[PDB]
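Comments concern the structure below.
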Amino acid sequence: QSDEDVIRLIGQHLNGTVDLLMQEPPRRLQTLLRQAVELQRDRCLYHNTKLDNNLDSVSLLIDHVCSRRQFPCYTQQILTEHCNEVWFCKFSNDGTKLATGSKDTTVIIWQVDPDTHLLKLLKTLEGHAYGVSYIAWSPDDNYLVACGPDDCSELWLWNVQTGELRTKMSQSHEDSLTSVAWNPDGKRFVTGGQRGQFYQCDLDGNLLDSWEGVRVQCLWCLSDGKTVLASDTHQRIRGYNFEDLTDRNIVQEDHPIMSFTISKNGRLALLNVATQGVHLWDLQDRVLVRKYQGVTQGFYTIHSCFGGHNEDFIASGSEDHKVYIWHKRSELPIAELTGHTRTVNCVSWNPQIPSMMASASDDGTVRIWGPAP
Amino acid sequence: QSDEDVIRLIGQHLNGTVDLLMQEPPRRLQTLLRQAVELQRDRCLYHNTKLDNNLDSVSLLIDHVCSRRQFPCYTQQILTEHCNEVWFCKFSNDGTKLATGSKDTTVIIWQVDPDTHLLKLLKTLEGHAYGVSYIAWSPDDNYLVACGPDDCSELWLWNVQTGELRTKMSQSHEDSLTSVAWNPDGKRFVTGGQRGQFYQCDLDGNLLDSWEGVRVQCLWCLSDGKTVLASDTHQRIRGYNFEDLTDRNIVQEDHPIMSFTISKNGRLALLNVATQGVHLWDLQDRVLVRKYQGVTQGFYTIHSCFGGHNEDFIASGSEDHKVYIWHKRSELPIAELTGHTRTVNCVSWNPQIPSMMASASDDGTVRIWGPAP
Amino acid sequence: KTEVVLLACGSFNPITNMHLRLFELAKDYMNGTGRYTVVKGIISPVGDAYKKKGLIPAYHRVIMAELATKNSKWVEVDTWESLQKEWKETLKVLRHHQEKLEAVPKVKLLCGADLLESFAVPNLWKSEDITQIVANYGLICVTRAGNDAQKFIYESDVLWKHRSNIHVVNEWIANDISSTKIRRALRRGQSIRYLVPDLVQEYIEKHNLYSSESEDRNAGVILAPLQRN
Amino acid sequence: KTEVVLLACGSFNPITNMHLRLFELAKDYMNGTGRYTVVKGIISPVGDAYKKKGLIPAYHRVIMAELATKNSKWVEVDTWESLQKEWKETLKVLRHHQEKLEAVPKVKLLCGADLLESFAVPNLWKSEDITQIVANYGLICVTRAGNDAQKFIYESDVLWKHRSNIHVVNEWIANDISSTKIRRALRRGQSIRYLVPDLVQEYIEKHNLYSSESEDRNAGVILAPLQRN
Amino acid sequence: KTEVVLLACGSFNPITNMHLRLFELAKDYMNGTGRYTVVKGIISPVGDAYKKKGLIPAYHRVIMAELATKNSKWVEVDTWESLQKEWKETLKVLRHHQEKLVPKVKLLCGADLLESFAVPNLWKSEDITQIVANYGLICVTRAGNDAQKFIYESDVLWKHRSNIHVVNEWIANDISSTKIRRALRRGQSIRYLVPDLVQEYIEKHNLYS
Amino acid sequence: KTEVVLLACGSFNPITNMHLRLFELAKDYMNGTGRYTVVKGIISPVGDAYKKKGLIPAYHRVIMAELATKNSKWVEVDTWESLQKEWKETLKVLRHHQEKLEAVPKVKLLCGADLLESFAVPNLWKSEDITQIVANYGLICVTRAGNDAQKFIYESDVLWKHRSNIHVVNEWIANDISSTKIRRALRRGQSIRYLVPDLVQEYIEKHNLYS
Amino acid sequence: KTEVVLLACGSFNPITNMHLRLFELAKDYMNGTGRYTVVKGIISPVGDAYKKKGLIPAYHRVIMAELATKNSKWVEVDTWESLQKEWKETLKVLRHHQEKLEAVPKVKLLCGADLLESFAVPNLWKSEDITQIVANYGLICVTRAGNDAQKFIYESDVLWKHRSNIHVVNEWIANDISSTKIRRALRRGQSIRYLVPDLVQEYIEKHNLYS
Amino acid sequence: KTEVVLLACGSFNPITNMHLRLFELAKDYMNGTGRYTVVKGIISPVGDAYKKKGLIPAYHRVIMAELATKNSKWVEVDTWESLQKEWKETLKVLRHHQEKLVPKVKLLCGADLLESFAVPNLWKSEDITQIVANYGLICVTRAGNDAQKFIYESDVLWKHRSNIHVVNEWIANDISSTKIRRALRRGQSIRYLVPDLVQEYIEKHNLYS
Ligand SMILES: [Zn+2]
Ligand SMILES: [Zn+2]
């Protein structure tokens, strides 16, 4: 019966001396092993979907698991150096540098030592009057643009090489500039405000283009070099193209869109929603994919991010004084790690090093998360 | 490498002459086959979780699938015999008989021929003044109790053997009796109304017990012979025990509970919810399990049921003039089969024959569903 | 401080915005005086034995009131009164709720302008009942016109003697969306949105509760307290 | 029949229940007259250049109005007016919306008791503008007191001559929850539940919009139309 | 533009200036509505079969109305109700004139008859609905909110609200018949209250004393 | 008993039934009080020297007033006031008519309920003027509401000291056809028949006075 | 000029400043018109034969009224009405006092604004009774609102025919201390000082009349 | 039970029955509240430094008030404001009596002073808040809704609403000083409007003519 069937299958597979073994469908033994490997990958919890998917080069003696030793779960450094709050924090494009923007007057650069993956203050920048609320790094990490709260009528452009303030910009006193986005060309940026200003500006401080009629909250310049995604007030994200003056609709929601981020593949959008949690939208099909369950977020600006290898994990902050991490196939959270006292608003993930994470709190801590000891 | 590892595993498994085969962990080849079989079962769509789960007696030459030939998808008979509406329809406990309750004056018994699985009228019962809205069969299918709409102050107990009306019951003219439930002893029944009557009555027409303070909508007598589950007005299902006068809380919801059914195992509760769809609650842990997505149901009484082998499929009606079926592991519907004109409210499944289904409509049809041709 | 539980027993046919704005105002006033602490409010619709004109059966109104107070965190819809076979006086239901609260907050009756004016209608209230209610439990009334309530308290003598237990609450943000106007608008076929919670409105048109036949259903029948007294 | 698009341009600081009950009443009346077919309504908050007293910035009010009209199936919150650098007169915004609707329904201004009374305030309206508005587009007013509107139309002459385009709509279910009283109650610390949609209320307490500092922000500054005229 | 005929069915004991002002106001409003055209107005005094109090014989009132309307160009007096020996109803009279008269007839009244609709159990609701639906109503009042208030409360009137027109009057003119009779009883002069010919007639015949 | 002559002033733009009814009510009250015998009434339209208030030329109003009173018997129209090159205070008119009559019945002024109010506004009437008017000739006030006139008399000190020479007559018929309302009705082309004497209506229609 | 004697009736349970102020206002008005000379005022409390309305015995009220008018000069308390075994209509009281005075000044009744209203309710007053009262003696009505009294006179035919014998006096001080309100204040133990003469307050406190 | 002293700061030209009725009503209400005890009431006429119109020399008014309050058992008249040669403020006077007087002082007024709080830019908001918070207010008004209306509109008053008591008066007594002066000017008798001793004093000295 089953034993004879298994013996027959093994004898067929060994044909690739079975002539004496016979006395004593297409290739079928292999596909059973492939299905077992597929189930093994499915049951894996902290999986990684690159070089491990769409492959048939896995061992068979021991069941497949992925290591969670390289996974941020243990706090290491509490960079208590600011005074009032740490509103924002973001890693550079190269992974070497971190920039944390506080509440009073400071954006601080922390350099990591690749020998030991530990951070140290490098240089400090002052002069901001109403605080720092958004930071955008240049594509080559040579300049950073820093913008303050909703009533900041000017923005400061810096020079990370030295710390000197290059030409600041201010079109008018009655203005608001909250969001910024760099261009892939690395020589222009698009700034936008809540009042209605939606500009297109040169590095030296000139103005190249502008629009009217749209109250933009968050911007993002696509890889095509021409399209800019903007968040509206009617709970939409729309694509705007200059030199064509054209606009198109790709996302519509039922609540304010507080913040959004776009993956490096330019395919998915991860966005926070007020009175709900975190949503994921596919722009090609304009279809909602996931609705991750559980974040205490009312009408408050809370940023989230992608992370892991091949953009596999989704990290976010909340008002529970905790930090949430998700795997991109599950409703429920993976690890509700705690440690903060006040609220957490600008959690971030290292782009290059896959095991460094930053959590900026409301009490002035920039707690750094890495592998467990 | 992999080829040598596979050869080594096969050689080890064949040890249960490999001595010449060597020249030319515990048992590991078997568990790979078991995992492949588990994945095969997982990918199966119209699965059956009995005698096929918790077993290791499946063939390995051809991938596992379950038949769809035995699955209700094609209409066969349109029993257009009533006049106004067909409010209710239910199969007997033995599977041989069907009872359909109309709007004007009739409950009609249809007998099935086991040779060809086809239905024919057997006997008719008249006398009801305000219509029939709920029918309950005796445990041995010897009597049925019929109750009308919300203002029916009397209920009719019949005799399926002959059709003679045994003692009808009416305690008072200012009364309402809508829901009924038989006892496992087969000699008493619990009736209940919207006004507040909640009785415990003998077959001959006497009264044995009663409660006060509860407006019951739907009742269900458990297998323990003492406990009765009742649906309240505060969106709850509570357990009541007589001879102890005790009550306990097991279910709480946020919307009216229009109807509910309890599995033969006395473990799960399948219940409709107004302004949402169909919910499943585990009574032991008092935990919601599933929230099946998509049924057009406002403030209207719509009944659903369990079905299939080992209570595997979940069937329900809706106001879309369609009928929905679900597998008990998925959010989305399995087959949104259509055919009706007006609304569908009392869909039912045969208890014994696993391929017979009844759909009672609002235009006077009792459409019978069976296997596709 | 002392703990107070507000109890409202009326008709609620159907429930509107004012029947909840009353609770909000009462809680505001009681917590603002620095001498009380409101912890609960109760809605108790009256049964069908009241024999009023155009009164729909009880369970419809109970389900309406339950739908209205779905989001509120301190208001319940207890329904002991409605299930009694015979009509129950106000003193009896007050006593029942008070003695249930023990087997400690004090229960206080929530009232309006109409009931204080109805105290003067002959053969509608027993004097012993009136003095018991005003001098054993309490009475809170919210009115458009403060001077009308003060004047009516002044004219009598039992109310004046027990006047330290009657708190008059003024309200300046006007709402007079009475039930009769709601029913009249609903019969014609207008829209009653933004005067009732949405679920109540959807339930109303789903069941088609209010029409001329229901409106003209109790004509000439003596009101229940009058017949008994 | 003819198609009507109602346009309401006011303050909406903050939006309350009447600002929607007005649309419901207007739709009821116009569909019941048997000569019109209302298909859309528009809310257009005024910009910050109006220089009124205690006016919060525009985007707060726009987001409030968007939250309020989330479930409505025929009401939009278009905001072309609010983004203009300079103050725009009523005739200009009416013309803009009408000519946008083409590049056909007729747009009709939705009004109340206050604006028809404000027509008489000197140096607040140009006569050419008044006659243009009343005899080219239309005017609908809903009032507590009908005779006040009729009397006001009677006294003038242009309004009387073009009186077939002014429809007075009476309302009998009272609601006068005005914005000033809402702000006053919100400043003290009372509860404004069941007078505003819940989302607006939660957004209000979250941001702490209304306080004395926001209230005393425009004192003595001449109102924008008066300065320009 | 439809052709409409106005009908007044009152006691007219006696006739004063306010009734003719009512006719002028109703015609002005109806022509200015933009969809109507008034062609004829009829005054029909109530007969003496009513057996009321203070009601003089019908021939005197008919002669008084004939004197009053002599100078008008479009108002006429009909003398059929006075000659009937049995008290007929309003609906019967309206039907009779409609058949005798194509233009449609309409009824002239004030705020008194609209209120008198709503007294407890006096008129038959079928009679009210036939009067309102088949013929119509013009309700010229000195107060505007009260007529709409009465229409709102009454279900039949609200159901047939399209056949009722209320005309606001903004000139105070309250020359009721009772006040005129009281003034005449004591010898007070009523000149310029009543037309000259009919005042001279009353002074000559000593109708009231 | 004593004789008395009633004199009324104003603009009369145009004339309405209200003014004629005012003479009739004043005459009835004076004959009924049992101490006087009214013998004459005089109407004095204002001339073309007053500040313009939409006032048509004097001769139009004068002939209108004559057409109104043609049927009457004891009412006359005096054109002396209209034929003057300078505006005259009403005290001068009272004095002139009294002097003409002497060349002797007392002259009593006729006024509405608004003159009593105007007596109190500051810097409009001289104290000696009001003293002369109320002490030498007197007033008759015909009002729709009598309480307000009594209140106006009560506050003013001169009127209270001379309260015996002021009479108040109640009007129990509610008809106040104000000249402004009828002028507005004329402007819109409406019909004013039965509110103004027939001859005056015919004349107004013929000459097309207001447009 | 002619003489006149003012007579007032009622119950006076108790007596307040309102009634004395009514006497003073009537005297001032009557002397101010320059046709009369008031010489006396009489108060006649009702005796213990009327239907009870919470009325204390007659002698209490009589001595209270005497205590009130002890300081006054031209006001007297007549106890003939109280010392009778049968209730008497006010016409009989008027006749008796007029006969006593003759054994000659005219007697004028004093009444408030409520007697005029009571004159009109059906089946309470005989036509001949009102005719005699208004034609032979006359009334003086002291009212807070004068328009309503004039309206009440205007409708009633007998009063209009005898309107020359009815006088109306306006009260410009708003104080109406009704006996019912002050009785209620006494019942609750509150203080009524400065609303009633000091001697009467002391007497009421001493005997504890109302409780 | 706290000890409270009532203070009246008015012109009192002249004194009439309503002021003493005010004192009686305020004492009755305060004792019947259940938490208070009145021990003394003070009347302090305004001095002659005001330089107003119709204000007689202060010594005459002081003598009049002394005559009026002679028979009372708990009311006294204070004569400090009259003797001051410079016009002092209300808050200064309240402070002076509080230091001279432990019982707390409170102010007696009507509906006129509560309204006069809200005139545009006359008082200083700090002054109003000290008066209301430190001392208190008793507002014996003939109208009840109006005082609460004024308290609702004013933010300071609503903030300090616990130190303001409004007492309703249900007996019409409107004997204002202006009406008394007008009556005295023309020789009208004012007996039973004003206490007997002070009326005799005025008649003897011919204060008003
Ligand atoms: Zn893995
Ligand atoms: Zn399967």
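Ligands are numbered from 1 in the order shown, residues from 1 within each chain, and chains are lettered A, B, ... in the order they appear in the structure tokens.
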| Exercise answer, 10 Å around ligand 2 with only C-alpha atoms and all ligand atoms, as an MDAnalysis selection string | chainID B and resid 40:50 52:53 63:67
Selection to disk with N, CA, C and O atoms, as a PDB file, in the first residue's frame:
```pdb
ATOM      1  N   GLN B  40      -1.084  20.249   1.283  1.00  0.00           N
ATOM      2  CA  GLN B  40      -2.113  19.851   0.329  1.00  0.00           C
ATOM      3  C   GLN B  40      -3.506  20.030   0.918  1.00  0.00           C
ATOM      4  O   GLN B  40      -4.420  20.509   0.238  1.00  0.00           O
ATOM      5  N   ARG B  41      -3.686  19.638   2.179  1.00  0.00           N
ATOM      6  CA  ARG B  41      -4.970  19.849   2.842  1.00  0.00           C
ATOM      7  C   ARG B  41      -5.271  21.332   2.992  1.00  0.00           C
ATOM      8  O   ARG B  41      -6.416  21.762   2.816  1.00  0.00           O
ATOM      9  N   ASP B  42      -4.254  22.130   3.326  1.00  0.00           N
ATOM     10  CA  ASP B  42      -4.461  23.564   3.494  1.00  0.00           C
ATOM     11  C   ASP B  42      -4.934  24.217   2.203  1.00  0.00           C
ATOM     12  O   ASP B  42      -5.850  25.047   2.218  1.00  0.00           O
ATOM     13  N   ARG B  43      -4.324  23.857   1.073  1.00  0.00           N
ATOM     14  CA  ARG B  43      -4.708  24.459  -0.199  1.00  0.00           C
ATOM     15  C   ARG B  43      -6.077  24.004  -0.681  1.00  0.00           C
ATOM     16  O   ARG B  43      -6.615  24.607  -1.615  1.00  0.00           O
ATOM     17  N   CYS B  44      -6.649  22.966  -0.079  1.00  0.00           N
ATOM     18  CA  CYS B  44      -7.944  22.466  -0.515  1.00  0.00           C
ATOM     19  C   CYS B  44      -9.031  23.492  -0.222  1.00  0.00           C
ATOM     20  O   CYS B  44      -9.052  24.109   0.845  1.00  0.00           O
ATOM     21  N   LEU B  45      -9.944  23.670  -1.174  1.00  0.00           N
ATOM     22  CA  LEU B  45     -10.878  24.791  -1.123  1.00  0.00           C
ATOM     23  C   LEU B  45     -12.202  24.419  -0.455  1.00  0.00           C
ATOM     24  O   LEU B  45     -12.621  25.072   0.504  1.00  0.00           O
ATOM     25  N   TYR B  46     -12.879  23.390  -0.964  1.00  0.00           N
ATOM     26  CA  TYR B  46     -14.131  22.908  -0.376  1.00  0.00           C
ATOM     27  C   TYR B  46     -13.863  21.719   0.549  1.00  0.00           C
ATOM     28  O   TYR B  46     -14.369  20.618   0.355  1.00  0.00           O
ATOM     29  N   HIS B  47     -13.060  21.970   1.579  1.00  0.00           N
ATOM     30  CA  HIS B  47     -12.544  20.888   2.404  1.00  0.00           C
ATOM     31  C   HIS B  47     -13.635  20.305   3.301  1.00  0.00           C
ATOM     32  O   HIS B  47     -14.743  20.835   3.416  1.00  0.00           O
ATOM     33  N   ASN B  48     -13.304  19.177   3.929  1.00  0.00           N
ATOM     34  CA  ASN B  48     -14.179  18.500   4.880  1.00  0.00           C
ATOM     35  C   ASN B  48     -13.336  18.057   6.064  1.00  0.00           C
ATOM     36  O   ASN B  48     -12.429  17.236   5.905  1.00  0.00           O
ATOM     37  N   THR B  49     -13.637  18.588   7.244  1.00  0.00           N
ATOM     38  CA  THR B  49     -12.801  18.383   8.428  1.00  0.00           C
ATOM     39  C   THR B  49     -13.331  17.239   9.291  1.00  0.00           C
ATOM     40  O   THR B  49     -13.691  17.419  10.453  1.00  0.00           O
ATOM     41  N   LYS B  50     -13.370  16.041   8.709  1.00  0.00           N
ATOM     42  CA  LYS B  50     -13.732  14.845   9.460  1.00  0.00           C
ATOM     43  C   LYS B  50     -13.251  13.628   8.689  1.00  0.00           C
ATOM     44  O   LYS B  50     -13.538  13.502   7.495  1.00  0.00           O
ATOM     45  N   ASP B  52     -10.669  13.241   7.523  1.00  0.00           N
ATOM     46  CA  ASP B  52      -9.592  13.757   6.698  1.00  0.00           C
ATOM     47  C   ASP B  52      -8.612  14.610   7.484  1.00  0.00           C
ATOM     48  O   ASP B  52      -7.525  14.901   6.976  1.00  0.00           O
ATOM     49  N   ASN B  53      -8.971  15.017   8.696  1.00  0.00           N
ATOM     50  CA  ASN B  53      -8.063  15.687   9.612  1.00  0.00           C
ATOM     51  C   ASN B  53      -7.627  14.718  10.703  1.00  0.00           C
ATOM     52  O   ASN B  53      -8.346  13.773  11.040  1.00  0.00           O
ATOM     53  N   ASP B  63      -2.299  14.733  -6.079  1.00  0.00           N
ATOM     54  CA  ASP B  63      -2.564  15.764  -5.086  1.00  0.00           C
ATOM     55  C   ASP B  63      -3.996  15.673  -4.570  1.00  0.00           C
ATOM     56  O   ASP B  63      -4.927  15.346  -5.308  1.00  0.00           O
ATOM     57  N   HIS B  64      -4.164  15.969  -3.283  1.00  0.00           N
ATOM     58  CA  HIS B  64      -5.476  15.864  -2.658  1.00  0.00           C
ATOM     59  C   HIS B  64      -6.391  16.997  -3.102  1.00  0.00           C
ATOM     60  O   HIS B  64      -6.010  18.170  -3.073  1.00  0.00           O
ATOM     61  N   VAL B  65      -7.610  16.635  -3.504  1.00  0.00           N
ATOM     62  CA  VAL B  65      -8.705  17.575  -3.704  1.00  0.00           C
ATOM     63  C   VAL B  65      -9.971  16.926  -3.165  1.00  0.00           C
ATOM     64  O   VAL B  65     -10.067  15.704  -3.049  1.00  0.00           O
ATOM     65  N   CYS B  66     -10.947  17.761  -2.830  1.00  0.00           N
ATOM     66  CA  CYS B  66     -12.267  17.292  -2.438  1.00  0.00           C
ATOM     67  C   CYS B  66     -13.270  17.572  -3.546  1.00  0.00           C
ATOM     68  O   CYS B  66     -13.201  18.608  -4.215  1.00  0.00           O
ATOM     69  N   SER B  67     -14.243  16.679  -3.721  1.00  0.00           N
ATOM     70  CA  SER B  67     -15.210  16.819  -4.843  1.00  0.00           C
ATOM     71  C   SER B  67     -16.103  18.053  -4.694  1.00  0.00           C
ATOM     72  O   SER B  67     -16.346  18.467  -3.548  1.00  0.00           O
TER      73      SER B  67
END
```
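Every chain C residue lying within 6 Å of chain D, based on only C-alpha atoms, is listed here: residues 173, 174, 175, 176 and 177 of chain C.
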Prev. selection, C-alpha atoms, output as a PDB file, in the first residue's frame:
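This went into result_17.pdb:
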```
ATOM      1  CA  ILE C 173     -29.007  77.388  24.342  1.00  0.00           C
ATOM      2  CA  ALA C 174     -32.568  76.822  23.193  1.00  0.00           C
ATOM      3  CA  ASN C 175     -34.003  73.439  22.177  1.00  0.00           C
ATOM      4  CA  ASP C 176     -37.749  72.755  22.083  1.00  0.00           C
ATOM      5  CA  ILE C 177     -37.948  69.782  19.701  1.00  0.00           C
TER       6      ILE C 177
END
```
Mind running chain A against chain D at 7 Å and telling me each contacting residue's nearest atom pair with the distance in Å (one decimal), counting only C-alpha atoms, chain and number ascending, as a Markdown table?
```
| residue | atom | partner | partner_atom | distance |
| --- | --- | --- | --- | --- |
| A:196 | CA | D:83 | CA | 6.9 |
| A:213 | CA | D:83 | CA | 6.7 |
| A:299 | CA | D:206 | CA | 6.7 |
```
Residues of the last selection are to be written out with C-alpha atoms, as an mmCIF file, in the first residue's frame.
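Listing of again.cif after writing:
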```cif
data_model
loop_
_atom_site.group_PDB
_atom_site.id
_atom_site.type_symbol
_atom_site.label_atom_id
_atom_site.label_comp_id
_atom_site.auth_asym_id
_atom_site.auth_seq_id
_atom_site.Cartn_x
_atom_site.Cartn_y
_atom_site.Cartn_z
ATOM 1 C CA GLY A 196 -2.183 76.869 0.465
ATOM 2 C CA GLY A 213 -6.121 75.744 -4.790
ATOM 3 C CA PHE A 299 -6.195 63.663 15.978
#
```
| message | So that I can check the surroundings of residue 145 (chain F), please list as a VMD selection string every protein, DNA and RNA residue that reaches within 10 Å of it, counting only C-alpha atoms and ignoring chain neighbours fewer than 5 positions away. | response | (chain F and resid 113 150 169 to 172) or (chain G and resid 147)
| request: Enter the distance from CA of residue 74 (chain H) to CA of residue 20 (chain G), in Å, rounded to one decimal. | output: 27.9 Å
| field | Backbone DSSP call of strand (DSSP E) for region 5-219 of chain C, listed as number ranges by chain | value | C: 5-8, 36-43, 75-76, 106-111, 139-143, 166-170
